[PDB]
């Protein structure tokens, strides 16, 4: 428990990830690391008991301590309300945290050499900038009960005017309606973060919109990205022999699918949410991806796993059946969190520990110890046997040995 890590905000999750989260702290972290740990329990029961307040407290605690790591959480619908006897259908804690902090969420696969892909031609990593603010996460949606008029209006703060837009007039029957929004300054921050990540990896930058369909809404993103690139980034982009280009999401997803990778993909909030699942599965597992929210201050960071609570695996866990569930994405939330913490504190010891754990996971997988998903990439699902993989505990305990070995060997040098 020797390395002094400093202050880190921990957010505990639900279901299968919450079990993995506890195995991670016990086996891979607390033995080697002493942290000043501000822990917020985001499990569904404690959010219900606090009326979601713990979610907001955790977000403000991240603002203060500059780093947080988040386990995956249940976002309840009607069935979850009935399952846990909830008071309300609470909003996504991810959406709540992301809209307080702001910024961009970068998502990238975690690449092992022995792991085949689903998409043949990606030999270089694709990196998704996902705008983290506004759009669907922040939307206001409601059921339209019957005939009537749906309008969306804008009143300036002074208000010396009112601009009223017709959304729809429902002549017979009901339906649904929603408003949504984004902010210029958040878009600008989203652009600056996308361009800088391009130059940081030396790669070109594709931004995708619908702007032919939404002309004002998506046109604003295209305009903001083009103005900033023209004025600020263009000379720098040319000198590295890369470029920035806008593409319609239709073409963009087709291009991304047939390309070789090796590009930064700046997506709007909804697209990045959906495409990072497709991308991560293309490289062969949702268990292998990193998701790191980088805030506009260049200082505060929130790392997480981008996949969910793996309910189906949890259900087998509750019956005593063996599970094989991929912890790697969760482990990398900690390593991405501890590495940014070392950067802020100039802690070489912690920075070394974070990198070593990432290598141990990849080495352990490249050396043939893996969960069932990754073995299914190798053999195909119908060909995998029980002897072909390790259960969730066997795999954590294996990484435990290899992490002890790697840190022991390093102590002699």
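Numbering follows the first chain given and starts at 1.
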| item | value |
| --- | --- |
| Greater mean Cα temperature factor according to the PDB record, 297-305 or 146-154 | 297-305 |
| Stretch with the higher entry mean CA B-factor, where the candidates are 114-122 and 179-187 | 114-122 |
| Peak C-alpha temperature factor (PDB record), options 242, 331, 253, 266 | 242 |
| Highest-ranked of 215, 80, 222, 168 once sorted by CA temperature factor in the record | 222 |
| Position of residue 18 among the chain's modelled residues by C-alpha B-factor, lowest, middle or highest third | lowest |
| Relative C-alpha B-factor of residue 353, binned into the chain's lowest, middle or highest third | middle |
| Third of the chain, ranked by Cα B-factor, where residue 270 sits | lowest |
| Among modelled residues of the same chain, the CA temperature factor third for residue 29 | highest |
| Assigned third (lowest, middle, highest) for the C-alpha B factor of residue 11 | lowest |
